[PDB]
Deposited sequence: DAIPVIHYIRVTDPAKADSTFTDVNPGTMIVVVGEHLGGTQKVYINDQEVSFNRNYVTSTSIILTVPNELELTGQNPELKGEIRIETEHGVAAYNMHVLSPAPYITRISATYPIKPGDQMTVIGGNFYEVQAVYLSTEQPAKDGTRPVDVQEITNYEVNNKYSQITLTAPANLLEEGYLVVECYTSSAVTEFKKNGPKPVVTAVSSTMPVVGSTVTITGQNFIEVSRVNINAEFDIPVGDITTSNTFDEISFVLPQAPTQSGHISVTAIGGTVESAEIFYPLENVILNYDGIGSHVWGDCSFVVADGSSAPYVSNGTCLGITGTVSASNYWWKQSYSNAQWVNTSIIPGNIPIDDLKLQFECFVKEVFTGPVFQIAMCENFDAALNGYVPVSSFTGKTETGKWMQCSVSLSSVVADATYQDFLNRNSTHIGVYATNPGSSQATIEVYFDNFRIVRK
């Protein structure tokens, strides 16, 4: 006859799976228990006239994921009914990333991506992060227009006026708050790779990276800029290319300016001070059956930096002495590459042009008359693509140790020989015809 009552609950906020104690009166004869409008099992033995002990089910459907559910525990006795409000906590929100079209202008739509976006109370931008208490920084930029999707995984919102340039985006939920970095212009661009360190004038330079968005400047070694209209950028914003209109007269790096900022290439671009043979005053050819060409725009490698070496013709099968160039190199000064640098930390680079792929013919590269240490059976391949490119120039790169057996660069220098040699042969079973050009042999750091 007495009406059941609930005075309080001991452990109003509660996690699924945890034990609770319902304290009140006239509860001795509870028949049924419910939480969030869902039937919950309980044990009769933990029931007294003044207390119910049960555990909030782990798999209980929460009010966070279904707004139709009343956030209360309901008790039914033999005759009466009692209810008390309590909040079973949803999992904490997290933010993976922001999906946006940069730059973000006020009023533009962006999408916050993450999970457990239950019970979103507020969304704001801030120059600094909220406290671990969820305590919210002094100055913030409230985002008034936002919508959460049905999966509680995405918040689509519109950008406020007077946008923060840099800082954080915060999703404020009942359980806690989630934070991620926010930049209205997006992340700084990045450079992964460059097609070459010494591309031939008139040929294509290609740059790999990310966030090449609205590229406004490409600066070469702080000497000159590429006219923006002559810069092609890929749809996916991860590749830049352009024709090199002139040779730099000083080494440096390539700087790329995009919406997200400016970034420099890591490699040194046009390391003229690292060149050892270019057939244009650095080093010199001495003897050998080969050719030397200045490209004329209509044939051969079409373009060239001054004179370049040519090894062309048809090679009989099993020809172990065909065409070659024996030259005197001008090794890199120690002012640039210190004597104590290991050979293992150095690489030989050169520009190569292959008219057409071939099968059988190979190249030998030798230095300082140490043919024991020479590079043998080498087929030119691009350091950029890994393939044997044809009909255009490519950068070829090999570890210097594959040509030099010495330990440090000074040991190499102590041989006091300026010999560099390129030898073409055909150990192949079938004859073949080739047309290959070489220029700008250079030694640089790995």
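In this entry, the deposited residues absent from the coordinate set occupy a single span, 12-21.
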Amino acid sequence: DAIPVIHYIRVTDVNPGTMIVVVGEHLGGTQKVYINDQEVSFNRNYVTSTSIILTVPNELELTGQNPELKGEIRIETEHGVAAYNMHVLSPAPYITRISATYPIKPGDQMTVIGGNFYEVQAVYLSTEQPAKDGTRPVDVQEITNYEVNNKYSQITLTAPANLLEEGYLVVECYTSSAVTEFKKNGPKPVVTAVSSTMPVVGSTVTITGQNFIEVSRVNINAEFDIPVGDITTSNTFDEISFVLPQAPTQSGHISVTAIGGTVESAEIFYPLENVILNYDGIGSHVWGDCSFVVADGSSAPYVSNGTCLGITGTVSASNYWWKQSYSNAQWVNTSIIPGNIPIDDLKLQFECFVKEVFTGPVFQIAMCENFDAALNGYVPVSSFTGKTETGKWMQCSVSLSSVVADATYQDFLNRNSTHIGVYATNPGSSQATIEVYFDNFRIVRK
From here on, numbers count along this sequence of modelled residues.
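In this crystal structure, the stretch out of 34-42 and 47-55 whose C-alpha atoms carry the higher mean B factor is 47-55. Mean C-alpha B-factor is higher over 135-143 than over the other stretch, the pair under comparison being 189-197 and 135-143. Looking only at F350, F371, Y270, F358, the residue with the top Cα B factor in the deposited structure is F358. Comparing the listed residues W321, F363, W331, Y302, the entry records the largest Cα B-factor for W321. Split the chain's modelled residues into thirds by C-alpha temperature factor. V404 is in the lowest one.
Sorting the modelled residues of the chain by their CA temperature factor places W287 in the lowest third.
Placement of the Cα temperature factor of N219 within the chain: lowest third of the modelled residues, per the deposited record. Residue-level temperature factors show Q121 in the highest third of its chain, judged at the C-alpha atom. Among the modelled residues of its chain, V379 has a C-alpha B-factor that falls in the middle third, as given in the PDB entry.
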